[PDB]
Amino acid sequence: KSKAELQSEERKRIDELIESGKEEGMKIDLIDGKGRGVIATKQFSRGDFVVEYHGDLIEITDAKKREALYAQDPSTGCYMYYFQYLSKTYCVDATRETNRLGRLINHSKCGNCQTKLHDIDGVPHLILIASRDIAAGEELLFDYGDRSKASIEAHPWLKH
């Protein structure tokens, strides 16, 4: 197959999985020092779609409104995922508890998933792709990407 053909076939697999919301090969576990995490129950191969980071897709005005409200309640966790799309700031706000697993995946700078922006006919999606082969039983991890001094002071696990 040509690159274009392989890319088309990959886009097709990804679009189908985004559509179905199917989240196979994963389960929730308690991970020491992290709260809940998501662990592989099957081997994933490098390049495989893992999961969508699924939640409320919102723009910047609403994101700030929600942040200011979440900041007032210390029991509320951190599930807001910011990105740039077509020169604007967007956020997948996964604060609401649902059965979707992307929102539960923990942080490492040296993890096994990489987030990508995936556009379907003008609708942006954040998806996690395996950055290497992932063993059954190991925790899914990606780089949260917040390197700010303000965050790292309060959340030192962001440093590694």
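Residue indices: 1-based, along the sequence shown.
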* Asked: With respect to the recorded C-alpha B factors, which stretch has the higher mean value, 108 to 116 or 89 to 97?
  -> 89 to 97
* Structure fact -> Stretch with higher mean Cα temperature factor, 19 to 27 vs 140 to 148, is 19 to 27
* Candidate set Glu52, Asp32, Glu67, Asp48 [ranked by C-alpha B-factor, highest] -> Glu67
* To do: Within this chain's modelled residues, let me know which third the CA B factor of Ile134 belongs to: lowest, middle or highest.
  => lowest
* Asked: How does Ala40 rank on Cα B-factor within its chain, lowest, middle or highest third?
  -> lowest
* Asked: Mind checking which third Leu126 falls in for C-alpha B-factor across the chain?
  -> lowest
